[PDB]
K.L.:
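First the structure, which I've put down as structure tokens, then a few questions once you've had a look.
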Amino acid sequence: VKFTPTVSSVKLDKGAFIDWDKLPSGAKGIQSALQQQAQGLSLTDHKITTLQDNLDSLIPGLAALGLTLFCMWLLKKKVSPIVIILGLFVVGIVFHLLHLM
Amino acid sequence: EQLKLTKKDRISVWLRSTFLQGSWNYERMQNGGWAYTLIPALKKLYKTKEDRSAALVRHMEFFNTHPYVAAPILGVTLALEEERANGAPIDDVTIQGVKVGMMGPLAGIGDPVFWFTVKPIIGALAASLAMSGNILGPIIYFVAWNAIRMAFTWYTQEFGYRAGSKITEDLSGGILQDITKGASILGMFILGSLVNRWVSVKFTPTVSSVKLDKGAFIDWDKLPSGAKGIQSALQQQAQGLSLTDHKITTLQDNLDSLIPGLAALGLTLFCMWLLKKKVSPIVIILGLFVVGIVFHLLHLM
Amino acid sequence: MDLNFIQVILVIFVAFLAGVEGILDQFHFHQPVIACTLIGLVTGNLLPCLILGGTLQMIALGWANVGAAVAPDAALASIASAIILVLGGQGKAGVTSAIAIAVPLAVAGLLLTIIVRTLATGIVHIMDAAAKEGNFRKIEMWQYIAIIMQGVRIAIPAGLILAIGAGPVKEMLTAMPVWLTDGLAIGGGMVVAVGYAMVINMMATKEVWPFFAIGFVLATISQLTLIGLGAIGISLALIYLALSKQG
Amino acid sequence: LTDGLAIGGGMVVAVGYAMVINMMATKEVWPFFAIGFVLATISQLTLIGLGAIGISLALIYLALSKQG
Amino acid sequence: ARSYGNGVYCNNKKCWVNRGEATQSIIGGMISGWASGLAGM
Amino acid sequence: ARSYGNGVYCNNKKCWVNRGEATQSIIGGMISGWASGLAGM
Amino acid sequence: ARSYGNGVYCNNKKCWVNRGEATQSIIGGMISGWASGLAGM
Amino acid sequence: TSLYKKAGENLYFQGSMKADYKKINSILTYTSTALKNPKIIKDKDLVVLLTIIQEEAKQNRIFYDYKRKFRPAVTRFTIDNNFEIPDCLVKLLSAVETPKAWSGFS
Amino acid sequence: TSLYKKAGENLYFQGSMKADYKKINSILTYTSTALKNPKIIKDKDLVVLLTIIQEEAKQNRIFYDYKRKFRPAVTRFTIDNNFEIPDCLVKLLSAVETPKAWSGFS
Ligand SMILES: OC[C@H]1O[C@H](O)[C@@H](O)[C@@H](O)[C@@H]1O
């Protein structure tokens, strides 16, 4: 259960990205870029956060666990598993059409 | 009460305790050194030549412990034999009982302290000093190790002599079962970790080298120039694109796909089975060396 | 090459001292730092022998005799490697070949000390016969003889290496194949499984195997250190004991 | 349509997991489910390692329950 | 580089010690020795 | 690439199998099937 | 950057909040507070 | 020349030699004496180990205590018996094998 | 001026002031009364805590309940006693220290 949409795209400050414009030339530039990447500097000047990132901030697999628990509850309510399978296919198609998955 | 062990006799016993492991046969390990250590004491205490022989035969029985923690046992034995020579009713069973009941737990507590705690640290310090060309390393090792050894042996021997079997009845009981249980659990855990991490069984050969598709490698030929090219390469590497157009999979990769350390665990279990089958460990060590050489010759390791 | 009569005698004496402390194991003259540094001092090659001793002591930190199970004999490894390094020239740069040959020499010394510890049984039987007579002098004499024999165990290979002069030593040092060295390194890296097997067999029961499995699996997390794993094991043992005493 | 069908097919397995759990879930074994779920988030642990951990935990629990 | 245990490595011309691996080896040997000694009483 | 389970992926022109994911799927199915079969007796 | 807790950092001219660290701080404080409150009855 | 054969055995196997008769007879006598001791009888683990040793001795073989269990059991019995040991257990302390080499912990 | 000294103590240590005699006498009286209550006697933890408090009061000192144990124990006793509490425990509820500052969970 993976979610595509992005919730925020902030412009990060001057000292947090590599700033390829001000970079040495040749092997020195490659070394500087690798060192800055190792220090944690972003490869771009914008920090994009997705809904999947927010969900994984709590715990990875949260949506999968929720879907499994909902399926358990539906099965307990005498809903046939084939209806649930067809509904899962339909939900996948719809969420793809809505750019949610 | 006229027979008393002076400080000179205790000093002689403490000095002779250096030769505790002089013989070390395989059946009664430290019996000869234990009997040799006590000779001045049994020489002063006993005189009739039947007491001498009886004491010697008594102290030639099986003995084995850590050579340093034998000092309190020596002191307790000195006190007990001094009492026995004075007419006290310590006939034969108390002395051997004290010896056997002390040699076990004392060895089990003294091996980790000296062999695996103090010696590794002091030796590591000395080796670090010596590899850097400093002569101070061996000097520090010798001085510290010998000072600790002699001080511990002397003070523990005196404490045991002045206690006189009291420490035996003071402690020891059902606590040694809980300690053994917890030690066994921790040992199994840590030995599993050590079998996973320190048994080095690595396989070199590759099982497959496939040519991966166009969209899975960086394609350095079609890349920007300058800092833009470096940024594009770093971004593509972050996305998981391979640095080459071929994906090489090794046998070690396949083994780690199941679980890392599988070959080490298998080798350890095979060694356990071989040891159970009365195969001597030295044969297993030589065979492991031979297997390493052969596997290197066959490009397997 | 330059070893005169005095230096040969001193080398033999240092080897005998290392062999004696191999069994006595009190003054630790058999440790690689002490033995290698003494060989260097008596031979005049102080610095390379000191470096070799430090390296071998780092290698031989965990060589401990526990019960009847004997560790791989650091004494012979140290003495033979130092003597071969001295005889082969190339003092500071020859440490690598000495380190490569040290471990097989350690195993050979382990075999030799097993043999000598087996032969000590006859000496102990003679000492029993002496004790049946109350003879302290005979017991002391045979203890001294046992110590002397154990020292001679190491003193003889040193004398043999000295007899087989520097020529053959150098010719075998240079003619050592690389594949042999790499295979020996691989084998030495695999040796520790024997000690692990012995320890596990000592403490293996069907009630503690799950803890072994848990430790083995948790060691696959590279971000966990050994102190952390030990703390986890201690905590698990404490919890198991607490839940077992109430039953 | 093809991508949505692939997403749905990737989501289908939750039904089988739900049936199995419903069959074998009690309030005494839910903690083991939670422990396995959390430990699966460690990507460096393989499935054989997780299975070995589960088997060891079951053995320890049975051993500590037989003496009670 | 050939590994020789306790973090000791050797080229064809030089030997050195990895301090982190040596420390880990010392710690692990200490823990295992304590556990085996106490378990064998 | 569209994922179809058991390490099977398909492009718009080609299908392939990831061997590692396929092996993991087989192992997990084996463990889960054994556990569910033995738990349901 | 100077850390001030709950994901709050400040330069010599600007202050900002790390949202992930703030969320983790809230969650951890919640769990610890619940546990300490219930354990102290 | 029996010592050389014993050394060869110790370097190769366990129990591959003749297992000389006097030691076997002594082991049998001491195990029979120990199994008739009520304090020893109250100790189940020691009784099991002594029975194993006696069974081995009945077939002219020496017990290969590769698990290193007999001597800690004797020590436990001695500690539980107010630090007192019968002569039979003292003489039997030197009747096991206790594997003779190992590789270290690192 | 005793309140200022108490504030200085609370900012520095615990028990560094005189521990005025009236409070100590009241604590002694109520602890003696409570330890003679059969329902309280049936509660072992409350008896232990009251004994600790009484020993502290006998030396003109106030118990520093840095573990925060006394009041939850009194609450547990009250709940187990059909939600009823003797007057001695009510008066002793205000006889501990309960450290006066902390840093938060984050
Ligand atoms: O196990 C205690 C003791 O046993 C034997 O005597 C020898 O291996 C010693 O080195 C060891 O310390």
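A note on names: the letters A, B, ... follow the listed sequences, proteins ahead of strands, and every chain is numbered from 1.
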K.L.:
Do NZ/NE/NH1/NH2 and the carboxylate oxygens of B:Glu81 and B:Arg84 come within less than 4.0 Å?
P.N.:
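Looking at B:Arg84 together with B:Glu81, the answer is no, because their closest N to O distance does not fall below 4.0 Å.
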K.L.:
Within the supplied structure, the quantity of interest is the number of heavy atoms (other residues, nucleotides, ligands) at a distance under 6.0 Å from H:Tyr4 OH; does it exceed 12?
P.N.:
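Atom OH in H:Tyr4 is not packed in, count stays at 12 or less.
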K.L.:
Drop me the distance from C:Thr121's OG1 to B:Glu27's CD, to the nearest 0.5 angstrom.
P.N.:
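Result: 5.5 Å between the selected atoms.
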K.L.:
Identify, with sequence neighbours excluded, every residue that meets ring pair (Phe, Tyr, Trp, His ring centres under 6.0 Å) alongside H:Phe105.
P.N.:
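Counting only residues at least two positions away or on another chain, H:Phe105 forms a ring pair (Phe, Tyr, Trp, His ring centres under 6.0 Å) with B:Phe116, H:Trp102.
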K.L.:
If we count only N and O atoms by modelled type, under 3.5 Å, do the side chains of H:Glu56 and H:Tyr64 hold a donor and an acceptor together?
P.N.:
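Their side chains do not contain a donor-acceptor pair, so the 3.5 Å distance test is not met.
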K.L.:
Can a donor-acceptor pair be found between the side chains of B:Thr117 and E:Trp34 at a distance below 3.5 Å?
P.N.:
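Yes, side-chain donor-acceptor contact under 3.5 Å.
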K.L.:
Consider only side-chain N and O atoms of C:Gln26 and C:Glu21, and report whether a donor and an acceptor are under 3.5 Å apart.
P.N.:
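Side-chain D/A pair, C:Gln26 to C:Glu21: absent.
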K.L.:
Start with the C-alpha distance between H:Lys69 and H:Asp45, add both sets of side-chain angles, then the distance that settles salt bridge (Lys or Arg N to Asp or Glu O under 4.0 Å), and finish with yes or no.
P.N.:
CA-CA 10 Å; H:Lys69 294 299 170 194; H:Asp45 291 331; over 6 Å; no
K.L.:
Does H:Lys100 count as lying over the ring of B:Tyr26, i.e. NZ or CZ under 6.0 Å from the six-ring centre, within 45 degrees of the axis?
P.N.:
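Verdict for B:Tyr26: a cation-pi partner in H:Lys100.
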K.L.:
Is H:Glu97 salt-bridged to B:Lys278, cutoff N-O under 4.0 Å?
P.N.:
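Answer for the salt bridge query: no.
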K.L.:
Would you say the side chain of B:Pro67 lies within less than 4.5 Å of the side chain of C:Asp25, judging by non-hydrogen atoms?
P.N.:
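Result no, sub-4.5 Å side-chain heavy-atom pair not found.
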K.L.:
Near B:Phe152 CZ, under 6.0 Å, is it more than 12 heavy atoms from other residues, nucleotides or ligands?
P.N.:
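Yes, because the 6.0 Å sphere around CZ of B:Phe152 holds more than 12 heavy atoms from other groups.
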K.L.:
Could you tell me whether H:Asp80 and H:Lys42 make a salt bridge, using a distance below 4.0 angstrom between a side-chain N and a carboxylate O?
P.N.:
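Looking at H:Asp80 and H:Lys42, the cut-off is not met.
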K.L.:
Quick test of your reading of the model: are C:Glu140 and C:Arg137 salt-bridged, counting only N-O distances below 4.0 Å?
P.N.:
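Salt bridge flag = yes for C:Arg137 with C:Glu140.
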K.L.:
Report yes or no: do B:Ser53 and C:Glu133 form a side-chain donor-acceptor pair below 3.5 Å?
P.N.:
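No, C:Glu133 and B:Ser53 have no side-chain donor paired with an acceptor closer than 3.5 Å.
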K.L.:
Could you tell me whether the side chains of H:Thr98 and H:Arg71 share a donor-acceptor contact shorter than 3.5 Å?
P.N.:
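Note: H:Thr98 and H:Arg71 side chains meet the donor-acceptor criterion.
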